[PDB]
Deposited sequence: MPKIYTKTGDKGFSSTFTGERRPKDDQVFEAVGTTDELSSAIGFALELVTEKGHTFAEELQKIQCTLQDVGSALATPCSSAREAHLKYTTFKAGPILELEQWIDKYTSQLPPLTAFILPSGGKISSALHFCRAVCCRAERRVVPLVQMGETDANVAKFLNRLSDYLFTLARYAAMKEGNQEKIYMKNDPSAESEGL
């Protein structure tokens, strides 16, 4: 069980660090959501502390992510298909963050199952992966980059 905790906190750290690099690309251009990614890094620090102690993890950050998801989704065109992860430098970095966030979620789920950590931790990471997907699309749109949809 302690192996699983080290894996979970390590991959949360890998996620926060990948977001840190994406944040650098954002502040360099004229994007205003850098502060949202920085706030997420603070919550990921609290996630790491919660995994390592089970402990309480409030649902406040989950509802905040849901609010941001709604805000960006309502500015995007309809989408009912997978997109190629691309869309510009910021968008592609956010899709990498998104995939790492899904990997962190996979490491947290067993801990939730064994009752070792709050289920809200896994739900936060689940919403974060949707936030990162939506934010990538938003950045690509704001940069005038076309959303690429493969079907065959």
Worksheet item: So which bits of the deposited sequence did not make it into the model?
Response: 1-23, 77-87, 187-196
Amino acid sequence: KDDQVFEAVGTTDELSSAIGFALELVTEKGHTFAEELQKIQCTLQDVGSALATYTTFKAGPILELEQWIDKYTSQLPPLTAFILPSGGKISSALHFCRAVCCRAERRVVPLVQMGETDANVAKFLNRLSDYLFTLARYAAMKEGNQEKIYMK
From here on, numbers count along this sequence of modelled residues.
Discussion item. Comparing average C-alpha B factors as deposited, tell me which of 110-118 and 43-51 sits higher.
Written reply: 110-118
Practice prompt. Going by the average Cα B-factor in the PDB entry, point out whether 95-103 or 29-37 comes out higher.
Written response: 29-37
Worksheet, complete the sentence: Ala59: CA B-factor among chain residues, third -> highest
